[PDB]
Amino acid sequence: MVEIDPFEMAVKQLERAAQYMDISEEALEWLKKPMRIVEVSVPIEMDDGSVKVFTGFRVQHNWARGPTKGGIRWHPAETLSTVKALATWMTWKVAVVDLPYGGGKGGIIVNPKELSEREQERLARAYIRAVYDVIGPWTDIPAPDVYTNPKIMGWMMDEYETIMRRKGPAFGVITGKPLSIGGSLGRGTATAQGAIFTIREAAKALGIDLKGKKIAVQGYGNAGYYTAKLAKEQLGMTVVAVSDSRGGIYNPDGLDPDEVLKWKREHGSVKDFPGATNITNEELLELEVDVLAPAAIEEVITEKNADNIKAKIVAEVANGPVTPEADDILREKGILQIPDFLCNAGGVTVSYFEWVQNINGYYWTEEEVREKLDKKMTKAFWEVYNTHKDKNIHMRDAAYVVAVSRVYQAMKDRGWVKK
């Protein structure tokens, strides 16, 4: 009765969003099971002269469009179901911005805050010697995620280059590397620069002038910061309300997004910033602003606080903040929501340009990446909006129809599914 599984809930989104499209019944049973699951045992040697054996996974969902790509999680609450949900979530995130990629994810059941800097070096290498047979530059490309960093993706690249004996483009096996070993420029601002281009194109689609309007950003991590910072520079909007995990502040005359960080960098919160009016986390959503952006956590907009939202664009930067009970309540009010794999798709697009550079060998500049990131997201948003105008559906439901049909057409041309 009461079972909350991630993989069976990640299939239930696909079975819901298959009714809006004409898809054969032999492709629906192909997209519900990952094509290769490698579950390995990863042994390291501790500092006291002992051996511990952790568990490691690597799920590859679908390589119909190209080489599969996805992050690596290090968490003690990792299961095989929690990787297979994010594996089948990735193939609709590398398709809607039209990349030649497939989905994947991997994980190690470990607690990284109780390993020193030497044991993290042995754990990162001994993962690569266990799953070397299923990764590579043209086969499967890792990436950093929760509790990993670009420092660790340097070590995993060194162990792969030692096994390969340097007979191939070893700088392209793993993206999110440091700068001096073959990374890309303009990677720390990627997840928010994706959100700005889709917000700018949304108000152009909705017919809203933006010079002088007000944007409230919920959550003030590393992703919600630049969304506040770039809004005052590139867009021209006045940031009026931010928040962190404790509480929020408010000023309708502007909150300068640089100095709110340094106030938080001193203490650890944004409470009692000078020249503002402190509010809670809950009251930020029921404000009266031009564009709201949930960037903090999951399930913040549900059946209770759905109708009280007074905004015009709700750009879901964080991973699924709005629940589908609230999507019925918000859409009849005329609210343009941007889907969660369409607003933070800057993470995969710039980490794709770190794979294009390393394969060829010619490194691009900073402005050559931002001018190429704007070309993808503008086109990828106007494939999702124009599909929404035709079948008369929600933008979350219409972003799935474009995402599935590219994978289904790629399986049909390869001869995998006949009908």
# chains A, B, ... in the order shown; residues from 1 in each chain; ligands from 1
>>> residues_around(residues="residue A:245", least_positions_apart="2", cutoff="12 Å", atoms="only C-alpha atoms", output="ChimeraX atom specification")
/A:218-221,242-243,247-248,264,268-271,280-282,295-297
>>> select_by_dssp(residues="stretch 33-250 of chain A", states="alpha helix (DSSP H)", output="MDAnalysis selection string")
chainID A and resid 81:90 119:128 152:164 190:206 223:230
>>> residues_around(residues="residue A:238", least_positions_apart="5", cutoff="6 Å", atoms="only C-alpha atoms", output="CSV table (one decimal) with N, CA and C atoms, in the first residue's frame")
chain,number,residue,atom,x,y,z
A,214,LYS,N,9.9,43.3,-11.3
A,214,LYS,CA,10.4,42.8,-10.0
A,214,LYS,C,10.5,41.3,-10.0
A,232,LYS,N,19.7,41.8,-12.5
A,232,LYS,CA,19.8,43.2,-12.3
A,232,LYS,C,20.8,43.7,-13.4
A,254,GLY,N,14.6,47.7,-4.1
A,254,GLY,CA,15.8,47.0,-4.6
A,254,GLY,C,16.6,46.4,-3.5
>>> closest_residue(among="A:210, A:199, A:173, A:241", to="residue A:357", atoms="only C-alpha atoms")
A:173
>>> closest_residue(among="A:117, A:233, A:158, A:145", to="residue A:71", atoms="only C-alpha atoms")
A:145
